[PDB]
Every structure is written in structure tokens, then in C-alpha cells.
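Content type compact mmCIF, N, CA and C atoms, from the file start21.txt:
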```
# COMPACT_ATOMS: atom_id res chain seq x y z
N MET A 1 8.93 -38.44 34.73
CA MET A 1 8.91 -38.26 33.25
C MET A 1 7.56 -37.66 32.80
N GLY A 2 7.45 -37.32 31.50
CA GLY A 2 6.24 -36.72 30.93
C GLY A 2 6.28 -35.20 31.00
N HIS A 3 6.93 -34.57 29.99
CA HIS A 3 7.13 -33.10 29.94
C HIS A 3 5.80 -32.36 29.69
N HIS A 4 5.19 -31.87 30.78
CA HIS A 4 3.92 -31.12 30.75
C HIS A 4 4.18 -29.64 30.45
N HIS A 5 3.42 -29.07 29.50
CA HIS A 5 3.55 -27.65 29.09
C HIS A 5 2.16 -26.99 29.09
N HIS A 6 1.89 -26.16 30.10
CA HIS A 6 0.65 -25.37 30.20
C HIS A 6 0.97 -23.92 29.80
N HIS A 7 0.77 -23.60 28.51
CA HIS A 7 1.01 -22.27 27.95
C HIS A 7 -0.05 -21.28 28.45
N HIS A 8 0.38 -20.40 29.36
CA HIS A 8 -0.45 -19.32 29.92
C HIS A 8 -0.32 -18.08 29.03
N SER A 9 -1.45 -17.64 28.47
CA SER A 9 -1.52 -16.44 27.63
C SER A 9 -2.85 -15.71 27.90
N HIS A 10 -2.85 -14.91 28.97
CA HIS A 10 -4.04 -14.16 29.42
C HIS A 10 -4.05 -12.77 28.76
N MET A 11 -4.76 -12.68 27.62
CA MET A 11 -4.97 -11.41 26.91
C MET A 11 -6.21 -10.69 27.48
N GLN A 12 -6.40 -9.43 27.06
CA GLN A 12 -7.56 -8.62 27.44
C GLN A 12 -7.72 -7.46 26.44
N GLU A 13 -8.73 -7.55 25.57
CA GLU A 13 -9.06 -6.47 24.63
C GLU A 13 -10.05 -5.50 25.30
N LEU A 14 -9.59 -4.26 25.50
CA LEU A 14 -10.39 -3.18 26.09
C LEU A 14 -11.25 -2.51 24.98
N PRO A 15 -12.56 -2.18 25.26
CA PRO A 15 -13.45 -1.49 24.28
C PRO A 15 -12.83 -0.18 23.74
N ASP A 16 -13.02 0.07 22.43
CA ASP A 16 -12.40 1.22 21.73
C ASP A 16 -12.96 2.56 22.24
N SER A 17 -12.13 3.62 22.09
CA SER A 17 -12.48 4.99 22.51
C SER A 17 -13.72 5.49 21.76
N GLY A 18 -13.65 5.43 20.42
CA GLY A 18 -14.80 5.67 19.55
C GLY A 18 -15.70 4.44 19.54
N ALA A 19 -16.45 4.26 20.64
CA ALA A 19 -17.22 3.03 20.92
C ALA A 19 -18.48 2.93 20.04
N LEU A 20 -18.34 2.30 18.86
CA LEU A 20 -19.47 1.95 18.00
C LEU A 20 -19.92 0.53 18.36
N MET A 21 -20.97 0.41 19.18
CA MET A 21 -21.50 -0.89 19.61
C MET A 21 -22.71 -1.23 18.73
N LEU A 22 -22.48 -2.09 17.73
CA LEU A 22 -23.51 -2.56 16.81
C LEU A 22 -24.36 -3.65 17.49
N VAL A 23 -25.63 -3.33 17.77
CA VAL A 23 -26.63 -4.31 18.23
C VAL A 23 -27.52 -4.73 17.03
N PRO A 24 -28.07 -5.99 17.01
CA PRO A 24 -29.08 -6.40 16.01
C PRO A 24 -30.38 -5.57 16.16
N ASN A 25 -30.74 -5.33 17.43
CA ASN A 25 -31.85 -4.45 17.86
C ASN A 25 -33.21 -4.94 17.31
N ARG A 26 -33.62 -4.42 16.13
CA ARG A 26 -34.86 -4.82 15.45
C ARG A 26 -34.53 -5.76 14.29
N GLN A 27 -34.96 -7.02 14.39
CA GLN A 27 -34.90 -7.97 13.27
C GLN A 27 -35.87 -7.50 12.16
N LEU A 28 -35.31 -6.92 11.09
CA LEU A 28 -36.11 -6.32 10.01
C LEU A 28 -36.70 -7.43 9.13
N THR A 29 -38.03 -7.37 8.91
CA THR A 29 -38.73 -8.30 8.01
C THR A 29 -38.26 -8.10 6.56
N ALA A 30 -38.49 -9.09 5.70
CA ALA A 30 -38.18 -8.99 4.26
C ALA A 30 -38.87 -7.78 3.62
N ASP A 31 -40.12 -7.53 4.06
CA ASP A 31 -40.93 -6.38 3.63
C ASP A 31 -40.30 -5.05 4.08
N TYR A 32 -39.94 -4.96 5.38
CA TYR A 32 -39.42 -3.72 5.98
C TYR A 32 -38.06 -3.38 5.38
N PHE A 33 -37.18 -4.40 5.34
CA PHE A 33 -35.82 -4.28 4.79
C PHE A 33 -35.87 -3.81 3.33
N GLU A 34 -36.77 -4.42 2.53
CA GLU A 34 -36.96 -4.09 1.11
C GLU A 34 -37.28 -2.59 0.95
N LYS A 35 -38.32 -2.13 1.68
CA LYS A 35 -38.78 -0.73 1.65
C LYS A 35 -37.65 0.24 2.05
N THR A 36 -36.98 -0.05 3.19
CA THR A 36 -35.93 0.81 3.75
C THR A 36 -34.68 0.85 2.84
N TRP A 37 -34.39 -0.29 2.18
CA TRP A 37 -33.29 -0.44 1.21
C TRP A 37 -33.52 0.48 0.01
N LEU A 38 -34.74 0.42 -0.53
CA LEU A 38 -35.16 1.26 -1.67
C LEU A 38 -35.34 2.73 -1.22
N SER A 39 -35.57 2.93 0.09
CA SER A 39 -35.71 4.26 0.71
C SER A 39 -34.35 4.95 0.89
N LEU A 40 -33.26 4.15 0.93
CA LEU A 40 -31.89 4.67 1.10
C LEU A 40 -31.10 4.46 -0.19
N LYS A 41 -29.97 5.16 -0.29
CA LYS A 41 -29.03 5.07 -1.42
C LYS A 41 -27.71 4.52 -0.90
N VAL A 42 -27.01 3.75 -1.75
CA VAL A 42 -25.74 3.09 -1.39
C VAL A 42 -24.69 4.14 -0.98
N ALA A 43 -24.31 4.11 0.30
CA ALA A 43 -23.41 5.12 0.91
C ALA A 43 -21.94 4.77 0.62
N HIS A 44 -21.67 3.46 0.54
CA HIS A 44 -20.36 2.90 0.19
C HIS A 44 -20.57 1.59 -0.58
N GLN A 45 -19.69 1.32 -1.55
CA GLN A 45 -19.64 0.03 -2.26
C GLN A 45 -18.17 -0.34 -2.51
N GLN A 46 -17.77 -1.52 -2.02
CA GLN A 46 -16.38 -1.99 -2.02
C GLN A 46 -16.26 -3.31 -2.80
N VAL A 47 -15.33 -3.36 -3.76
CA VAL A 47 -15.11 -4.53 -4.61
C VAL A 47 -13.83 -5.26 -4.18
N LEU A 48 -13.97 -6.53 -3.75
CA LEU A 48 -12.88 -7.32 -3.16
C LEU A 48 -12.77 -8.68 -3.85
N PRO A 49 -11.57 -9.05 -4.38
CA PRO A 49 -11.34 -10.39 -4.98
C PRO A 49 -11.26 -11.48 -3.88
N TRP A 50 -12.36 -12.26 -3.71
CA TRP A 50 -12.47 -13.28 -2.64
C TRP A 50 -11.32 -14.31 -2.73
N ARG A 51 -10.65 -14.52 -1.59
CA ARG A 51 -9.49 -15.40 -1.47
C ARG A 51 -9.93 -16.86 -1.26
N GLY A 52 -9.67 -17.69 -2.29
CA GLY A 52 -9.82 -19.14 -2.20
C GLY A 52 -11.28 -19.59 -2.15
N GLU A 53 -11.53 -20.70 -1.43
CA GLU A 53 -12.86 -21.33 -1.30
C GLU A 53 -13.79 -20.47 -0.42
N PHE A 54 -15.06 -20.38 -0.84
CA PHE A 54 -16.08 -19.59 -0.14
C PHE A 54 -16.91 -20.48 0.79
N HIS A 55 -17.22 -19.96 2.00
CA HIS A 55 -18.06 -20.65 3.00
C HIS A 55 -19.12 -19.67 3.58
N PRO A 56 -20.41 -19.72 3.11
CA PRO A 56 -21.49 -18.83 3.61
C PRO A 56 -21.92 -19.16 5.05
N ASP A 57 -21.84 -20.46 5.42
CA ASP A 57 -22.18 -20.94 6.79
C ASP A 57 -21.24 -20.31 7.81
N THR A 58 -19.93 -20.37 7.50
CA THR A 58 -18.86 -19.86 8.36
C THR A 58 -18.95 -18.32 8.45
N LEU A 59 -19.23 -17.69 7.29
CA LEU A 59 -19.38 -16.24 7.17
C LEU A 59 -20.53 -15.74 8.06
N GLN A 60 -21.71 -16.38 7.91
CA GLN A 60 -22.95 -16.01 8.62
C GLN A 60 -22.78 -16.13 10.14
N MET A 61 -22.21 -17.27 10.58
CA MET A 61 -22.02 -17.56 12.01
C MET A 61 -21.06 -16.55 12.68
N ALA A 62 -20.02 -16.11 11.93
CA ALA A 62 -19.05 -15.11 12.42
C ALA A 62 -19.70 -13.72 12.50
N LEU A 63 -20.58 -13.42 11.51
CA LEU A 63 -21.39 -12.18 11.49
C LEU A 63 -22.28 -12.10 12.74
N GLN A 64 -22.92 -13.24 13.09
CA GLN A 64 -23.72 -13.37 14.33
C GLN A 64 -22.87 -13.08 15.60
N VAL A 65 -21.58 -13.50 15.60
CA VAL A 65 -20.65 -13.27 16.75
C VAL A 65 -20.37 -11.76 16.96
N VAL A 66 -20.42 -10.98 15.87
CA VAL A 66 -20.17 -9.52 15.92
C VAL A 66 -21.50 -8.74 15.84
N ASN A 67 -22.62 -9.43 16.16
CA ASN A 67 -23.98 -8.83 16.33
C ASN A 67 -24.56 -8.26 15.02
N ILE A 68 -24.14 -8.83 13.88
CA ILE A 68 -24.69 -8.50 12.56
C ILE A 68 -25.76 -9.55 12.22
N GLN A 69 -27.03 -9.12 12.16
CA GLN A 69 -28.16 -10.02 11.89
C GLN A 69 -28.28 -10.27 10.37
N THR A 70 -28.64 -11.50 10.01
CA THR A 70 -28.78 -11.93 8.62
C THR A 70 -30.26 -11.84 8.22
N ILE A 71 -30.55 -10.99 7.23
CA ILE A 71 -31.89 -10.80 6.67
C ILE A 71 -32.15 -11.92 5.64
N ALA A 72 -31.26 -12.00 4.65
CA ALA A 72 -31.32 -13.00 3.57
C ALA A 72 -29.90 -13.48 3.26
N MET A 73 -29.79 -14.70 2.72
CA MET A 73 -28.50 -15.28 2.29
C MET A 73 -28.74 -16.40 1.27
N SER A 74 -27.90 -16.46 0.23
CA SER A 74 -27.92 -17.56 -0.76
C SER A 74 -27.08 -18.76 -0.22
N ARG A 75 -27.08 -19.88 -0.95
CA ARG A 75 -26.45 -21.15 -0.51
C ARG A 75 -25.04 -21.31 -1.11
N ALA A 76 -24.28 -22.26 -0.53
CA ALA A 76 -22.93 -22.62 -0.98
C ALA A 76 -23.00 -23.19 -2.41
N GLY A 77 -22.12 -22.68 -3.29
CA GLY A 77 -22.08 -23.11 -4.70
C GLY A 77 -23.02 -22.33 -5.60
N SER A 78 -24.00 -21.63 -4.98
CA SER A 78 -25.00 -20.84 -5.71
C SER A 78 -24.41 -19.48 -6.08
N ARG A 79 -24.35 -19.18 -7.39
CA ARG A 79 -23.90 -17.86 -7.89
C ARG A 79 -24.93 -17.27 -8.88
N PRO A 80 -25.16 -15.90 -8.90
CA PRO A 80 -24.50 -14.91 -8.01
C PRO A 80 -24.96 -15.03 -6.55
N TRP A 81 -24.02 -15.38 -5.65
CA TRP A 81 -24.32 -15.53 -4.23
C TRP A 81 -24.59 -14.15 -3.65
N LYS A 82 -25.82 -13.87 -3.27
CA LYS A 82 -26.16 -12.58 -2.66
C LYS A 82 -26.76 -12.81 -1.27
N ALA A 83 -26.49 -11.86 -0.39
CA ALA A 83 -26.90 -11.89 1.00
C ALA A 83 -27.18 -10.46 1.45
N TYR A 84 -28.15 -10.31 2.34
CA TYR A 84 -28.51 -9.04 2.93
C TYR A 84 -28.35 -9.12 4.45
N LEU A 85 -27.57 -8.19 4.98
CA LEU A 85 -27.26 -8.06 6.40
C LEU A 85 -27.87 -6.76 6.92
N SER A 86 -28.13 -6.70 8.21
CA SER A 86 -28.55 -5.48 8.88
C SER A 86 -27.92 -5.42 10.28
N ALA A 87 -27.83 -4.20 10.80
CA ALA A 87 -27.42 -3.91 12.18
C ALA A 87 -27.95 -2.54 12.57
N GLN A 88 -27.79 -2.19 13.83
CA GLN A 88 -28.13 -0.86 14.35
C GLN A 88 -27.17 -0.56 15.49
N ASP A 89 -26.48 0.60 15.46
CA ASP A 89 -25.55 0.96 16.55
C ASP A 89 -26.32 1.39 17.82
N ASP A 90 -25.58 1.57 18.92
CA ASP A 90 -26.16 1.98 20.22
C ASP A 90 -26.73 3.43 20.19
N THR A 91 -26.48 4.21 19.10
CA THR A 91 -26.99 5.60 18.97
C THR A 91 -28.24 5.67 18.05
N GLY A 92 -28.74 4.49 17.61
CA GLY A 92 -30.05 4.40 16.95
C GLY A 92 -30.04 4.51 15.42
N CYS A 93 -28.84 4.54 14.81
CA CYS A 93 -28.70 4.53 13.34
C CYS A 93 -28.82 3.12 12.80
N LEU A 94 -29.65 2.99 11.75
CA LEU A 94 -29.98 1.70 11.14
C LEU A 94 -29.04 1.47 9.93
N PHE A 95 -28.37 0.31 9.90
CA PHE A 95 -27.40 -0.10 8.86
C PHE A 95 -28.01 -1.21 7.99
N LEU A 96 -27.90 -1.06 6.67
CA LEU A 96 -28.30 -2.08 5.69
C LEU A 96 -27.09 -2.43 4.82
N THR A 97 -26.79 -3.73 4.68
CA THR A 97 -25.62 -4.22 3.93
C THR A 97 -26.03 -5.29 2.89
N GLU A 98 -25.27 -5.33 1.79
CA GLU A 98 -25.36 -6.34 0.75
C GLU A 98 -23.98 -6.98 0.54
N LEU A 99 -23.98 -8.30 0.32
CA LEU A 99 -22.81 -9.08 -0.09
C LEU A 99 -23.17 -9.76 -1.41
N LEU A 100 -22.40 -9.51 -2.47
CA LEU A 100 -22.65 -10.07 -3.80
C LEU A 100 -21.39 -10.78 -4.29
N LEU A 101 -21.47 -12.07 -4.60
CA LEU A 101 -20.35 -12.86 -5.11
C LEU A 101 -20.71 -13.26 -6.55
N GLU A 102 -19.90 -12.75 -7.49
CA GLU A 102 -20.16 -12.83 -8.95
C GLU A 102 -20.28 -14.29 -9.47
N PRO A 103 -21.06 -14.50 -10.60
CA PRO A 103 -21.28 -15.84 -11.22
C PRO A 103 -19.98 -16.67 -11.41
N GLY A 104 -19.17 -16.32 -12.42
CA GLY A 104 -17.94 -17.06 -12.74
C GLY A 104 -16.71 -16.49 -12.06
N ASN A 105 -16.78 -15.20 -11.69
CA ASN A 105 -15.66 -14.46 -11.08
C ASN A 105 -15.73 -14.55 -9.55
N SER A 106 -14.55 -14.69 -8.92
CA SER A 106 -14.38 -14.71 -7.46
C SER A 106 -14.26 -13.26 -6.93
N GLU A 107 -15.30 -12.46 -7.20
CA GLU A 107 -15.36 -11.05 -6.82
C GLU A 107 -16.58 -10.83 -5.92
N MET A 108 -16.35 -10.25 -4.73
CA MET A 108 -17.40 -9.93 -3.77
C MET A 108 -17.54 -8.41 -3.65
N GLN A 109 -18.75 -7.91 -3.94
CA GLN A 109 -19.10 -6.49 -3.89
C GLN A 109 -19.98 -6.27 -2.66
N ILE A 110 -19.51 -5.40 -1.76
CA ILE A 110 -20.17 -5.09 -0.48
C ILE A 110 -20.85 -3.71 -0.62
N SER A 111 -22.19 -3.66 -0.55
CA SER A 111 -22.94 -2.40 -0.70
C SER A 111 -23.57 -2.04 0.65
N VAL A 112 -23.00 -1.02 1.32
CA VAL A 112 -23.45 -0.56 2.64
C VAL A 112 -24.22 0.76 2.48
N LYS A 113 -25.39 0.85 3.13
CA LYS A 113 -26.23 2.05 3.18
C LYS A 113 -26.90 2.13 4.56
N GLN A 114 -26.48 3.09 5.39
CA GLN A 114 -27.14 3.37 6.67
C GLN A 114 -28.05 4.60 6.55
N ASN A 115 -29.01 4.73 7.49
CA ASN A 115 -30.11 5.72 7.41
C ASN A 115 -29.59 7.14 7.67
N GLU A 116 -29.00 7.37 8.85
CA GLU A 116 -28.24 8.59 9.13
C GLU A 116 -26.76 8.22 9.05
N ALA A 117 -26.10 8.65 7.97
CA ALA A 117 -24.73 8.25 7.64
C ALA A 117 -23.71 9.18 8.32
N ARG A 118 -22.87 8.60 9.20
CA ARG A 118 -21.68 9.28 9.74
C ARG A 118 -20.45 8.65 9.09
N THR A 119 -19.39 9.46 8.95
CA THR A 119 -18.11 9.01 8.40
C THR A 119 -17.48 7.94 9.32
N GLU A 120 -17.56 8.18 10.65
CA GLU A 120 -17.01 7.26 11.66
C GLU A 120 -17.74 5.90 11.65
N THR A 121 -19.08 5.95 11.71
CA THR A 121 -19.92 4.75 11.79
C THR A 121 -19.75 3.85 10.56
N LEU A 122 -19.75 4.49 9.37
CA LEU A 122 -19.59 3.79 8.10
C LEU A 122 -18.22 3.08 8.03
N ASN A 123 -17.13 3.80 8.40
CA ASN A 123 -15.75 3.25 8.37
C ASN A 123 -15.61 2.07 9.35
N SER A 124 -16.10 2.27 10.58
CA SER A 124 -15.99 1.28 11.67
C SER A 124 -16.83 0.02 11.37
N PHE A 125 -18.02 0.23 10.75
CA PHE A 125 -18.94 -0.86 10.37
C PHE A 125 -18.27 -1.78 9.33
N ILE A 126 -17.69 -1.14 8.30
CA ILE A 126 -16.97 -1.83 7.23
C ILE A 126 -15.74 -2.56 7.80
N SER A 127 -15.06 -1.92 8.77
CA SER A 127 -13.88 -2.49 9.46
C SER A 127 -14.23 -3.83 10.15
N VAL A 128 -15.44 -3.89 10.74
CA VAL A 128 -16.00 -5.12 11.31
C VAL A 128 -16.14 -6.19 10.21
N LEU A 129 -16.77 -5.79 9.08
CA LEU A 129 -16.95 -6.65 7.88
C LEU A 129 -15.58 -7.16 7.35
N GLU A 130 -14.55 -6.28 7.35
CA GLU A 130 -13.19 -6.60 6.85
C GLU A 130 -12.56 -7.71 7.69
N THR A 131 -12.74 -7.59 9.01
CA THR A 131 -12.21 -8.54 9.98
C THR A 131 -12.90 -9.91 9.84
N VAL A 132 -14.25 -9.90 9.71
CA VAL A 132 -15.06 -11.12 9.58
C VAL A 132 -14.72 -11.88 8.28
N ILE A 133 -14.72 -11.15 7.15
CA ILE A 133 -14.47 -11.72 5.82
C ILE A 133 -13.02 -12.26 5.73
N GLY A 134 -12.06 -11.40 6.09
CA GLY A 134 -10.63 -11.70 6.00
C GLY A 134 -10.20 -12.93 6.79
N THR A 135 -10.70 -13.04 8.03
CA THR A 135 -10.35 -14.15 8.96
C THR A 135 -10.88 -15.52 8.46
N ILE A 136 -11.89 -15.47 7.56
CA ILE A 136 -12.54 -16.65 6.96
C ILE A 136 -11.91 -16.99 5.59
N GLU A 137 -11.29 -15.99 4.95
CA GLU A 137 -10.53 -16.20 3.70
C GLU A 137 -9.15 -16.82 4.01
N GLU A 138 -8.50 -16.25 5.03
CA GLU A 138 -7.17 -16.65 5.49
C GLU A 138 -7.33 -17.10 6.95
N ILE A 139 -7.08 -18.39 7.23
CA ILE A 139 -7.22 -18.97 8.57
C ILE A 139 -5.83 -19.02 9.24
N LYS A 140 -5.61 -18.09 10.20
CA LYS A 140 -4.43 -18.06 11.07
C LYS A 140 -4.62 -17.01 12.18
N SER A 141 -4.94 -15.77 11.77
CA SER A 141 -5.17 -14.65 12.69
C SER A 141 -6.68 -14.53 12.99
```

The structure given in the file should be rewritten as C-alpha cells.
Amino acid sequence: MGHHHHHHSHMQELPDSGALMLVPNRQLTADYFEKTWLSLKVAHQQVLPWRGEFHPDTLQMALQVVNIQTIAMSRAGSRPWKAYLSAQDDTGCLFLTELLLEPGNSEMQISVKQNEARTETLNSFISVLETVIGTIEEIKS
């Protein structure tokens, strides 16, 4: 007796053809990030209605899993919740990101500005952000 069930599910995700490998590389100081942010202009800005309860701890830790370094971040319950992220791809382009969560409104505005802007790098970088944010708004996938 005792019905034992060992569910075997051996997946394997192969690296993408257009291989954008985002490394943290240089941890940018508050001073350096500030200067470089003001030195660049917002390349993309995306407005998204945040789904349900917000968790900055969960968001930050998932960003770390996808090699996105956290420059600055506000606390849970604190609005306007703003955070500054950075990354750098394997081809040496520097990425600067902002996350803004409105005072009374459940609206998150993502402001991305990289130094040498490619259409591919910008789209793929945001796609990483979409996956991180979405998986924390809706818990299943």
C-alpha cells in the first residue's frame, strides 16, 4: 500500500539566438548613476496598471535573479514608490531604469534609458522587466 507518485519533468531552456546577456558589471554609485541619468534622455517610458498588492522585496530579489542591480528603491507602503535599476549587456552598453508607482493610483511608470540605444537591446531589456513584474503580479506561471 501507499501510492507513491514521483512526477518527472526534466525541462531545458536553451539560450536565445539574439543573445542579450545582461550582467550587473559595474555597480554604479548614487553620484555616478545621477550624472549618467541626467547625461541620457528617456529612450522608452511604459505606463502599466499594477495588478493587486505590491511587493518591493519580491520585485528586487527577482531582479537580482535576472542580473539587474538595484541602485535605489523605496519601501513597502511608501508612495510615490520609486526605484532605480541598472544593468550592462555583454557588448558594453550601459542601461539605466526607473520604476515609479503613483501616490493614490496603482499605476507603475517604467522609464528606461541606455547609453548606446539599440532597438533589439531596448525591447529585450524591457521583456526581462515584463517577465519579472508580471510573474510577481500574477502567481502561477

Selected residue of minimal separation from residue A:89 among A:3, A:10, A:140, A:26, counting only C-alpha atoms:
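Looking at the shortest contact to residue A:89, the residue is A:26.
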
May I ask for the distance between atom CA of residue A:64 and atom N of residue A:92, given in Å to one decimal place?
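These atoms are spaced 18.8 Å apart.
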
Could you tell me, as JSON, numbers by chain, which residues of chain A DSSP assigns to strand (DSSP E or B) when given the backbone?
{"A": [22, 23, 44, 45, 46, 47, 48, 49, 69, 70, 71, 72, 73, 81, 82, 83, 84, 85, 86, 87, 88, 89, 94, 95, 96, 97, 98, 99, 100, 101, 107, 108, 109, 110, 111, 112, 113, 114]}

Can you work out the spacing between atom N of residue A:50 and atom N of residue A:82 in Å, to one decimal?
13.6 Å

Given all atoms listed in the file as the counted atoms, nearest of A:117, A:136, A:128, A:1 to residue A:66:
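Looking only at the distances to residue A:66, the closest residue turns out to be A:128.
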
With only N, CA and C atoms as the basis for distance, which of A:14, A:139, A:43, A:22 is at the shortest distance from residue A:91?
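Distance minimum relative to residue A:91 lands on A:22.
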
Pick from A:63, A:101, A:93, A:42, whichever lies nearest to residue A:79 using all atoms listed in the file:
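Between A:63, A:101, A:93, A:42, the residue approaching residue A:79 most closely is A:101.
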
Compare A:20, A:141, A:41, A:109 by their minimum atom-to-atom distance to residue A:125, counting all atoms listed in the file, and give me the closest one.
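Ranking A:20, A:141, A:41, A:109 by distance to residue A:125, first place goes to A:20.
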
If I take atom CA of residue A:44 and atom CA of residue A:122, how far is one from the other in Å, to one decimal?
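The value is 8.0 Å.
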
Residue with smallest distance to residue A:37 - pool A:71, A:96, A:85, A:132, counting only N, CA and C atoms
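Distance minimum relative to residue A:37 lands on A:96.
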